[PDB]
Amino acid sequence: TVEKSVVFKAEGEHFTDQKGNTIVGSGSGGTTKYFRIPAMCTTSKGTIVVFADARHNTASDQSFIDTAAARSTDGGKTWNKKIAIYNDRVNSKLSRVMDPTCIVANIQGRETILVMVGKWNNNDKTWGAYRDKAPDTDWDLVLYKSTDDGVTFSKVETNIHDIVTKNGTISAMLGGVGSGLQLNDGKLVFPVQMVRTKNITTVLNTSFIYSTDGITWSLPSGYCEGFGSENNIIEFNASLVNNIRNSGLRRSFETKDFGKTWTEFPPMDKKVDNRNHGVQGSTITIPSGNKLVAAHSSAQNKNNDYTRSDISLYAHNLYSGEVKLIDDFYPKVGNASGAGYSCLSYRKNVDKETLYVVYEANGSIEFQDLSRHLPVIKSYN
């Protein structure tokens, strides 16, 4: 496919609202100022769908944001863009939908793309600051789906708000960021992050929600330690294993009882160092013969700060516990205003295998085809 391309250009995109009016951002010429938090999902048709926060006015988290979607049917050479999910537009300074997590799955025979984003309107502080209510009244977690290969998206009426309210100890919940997965048994699984109510000692926890149809969701009874909460889950034999953001070394836990109890997973626990503050990272599995190998992307953060330099691809040997840097695909110092995030996507359509990444590059979202690295990754078992 193309080796590298720009999916969304900082200060170079113009979006229209649901009425057809142009959204005037703070970028030059009234363009969208900054893009963050990329999520990518590839379909059985080879279609690449990329989601990202379109932070129209500033890179700040508490700002005016819509979820943009870019679709490529030519291997990432050209992109068709639009807004997939619009914020409520209650507050022109703060209304937002943010931090996408997507899943491409076959739900009862229908290939579907799901995108889940957190939604806020009047909260002006970071989401972790709201722990008085269960749940926070300004918050919501919305799910949209596409059943036509990423062309149109529509809201799914879900029971997610209900399960959170019923739990009673969760102030807000968000996807783990990047991509979720469909288990071997067909269940849809979104890794999640959660801010607990003020009474709970642990402020953050990680877990997941699962569903068979994408409409009715469930939360398991247990909780995994929170750390930097952003996380991805992979299926390994009869276990679900997560890979969590943490200031310093990443953490990885395993559940053998479907979310009831979690224990450290040695093969990936404390293997990659993201240094100061930590960063979101993407972790997926790639089959090789009858075995599995985990591919992972996150920043080396050579400056030990918010610049999160050197977004790299790592291979994790799930059997021996060995880790190897495969490719430092973005060996640059990022913009401290918001940098370092990424999302990997592997797919084998018939006999064609592709490994793609999407990542933050100074306010823009870039795409790279990393398929040439597959033989090396696949040998790590």
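Residue numbers run from 1 along the displayed sequence.
As listed in the deposited structure, the average C-alpha B-factor of 44-52 and of 312-320 is greater for 312-320. Look at the mean CA B-factor for 358-366 and for 16-24 in the entry; the higher one is 16-24. The residue among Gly118, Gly259, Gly278, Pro191 whose C-alpha carries the highest B-factor in the deposited model is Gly259. Across the residues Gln300, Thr197, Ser179, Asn123, the deposited record lists the maximum Cα B factor for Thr197. Among all modelled residues in this chain, the alpha-carbon of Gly226 has a temperature factor (C-alpha) in the middle third. Sort the modelled residues of the chain by CA B factor and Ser337 lands in the middle third. Ranked by Cα temperature factor within the chain, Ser239 sits in the highest third according to the deposited record. Ranked against the other modelled residues of its chain, the C-alpha B-factor of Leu292 as given in the entry falls in the highest third. In the PDB entry, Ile107 places in the highest third of its chain by CA B-factor.
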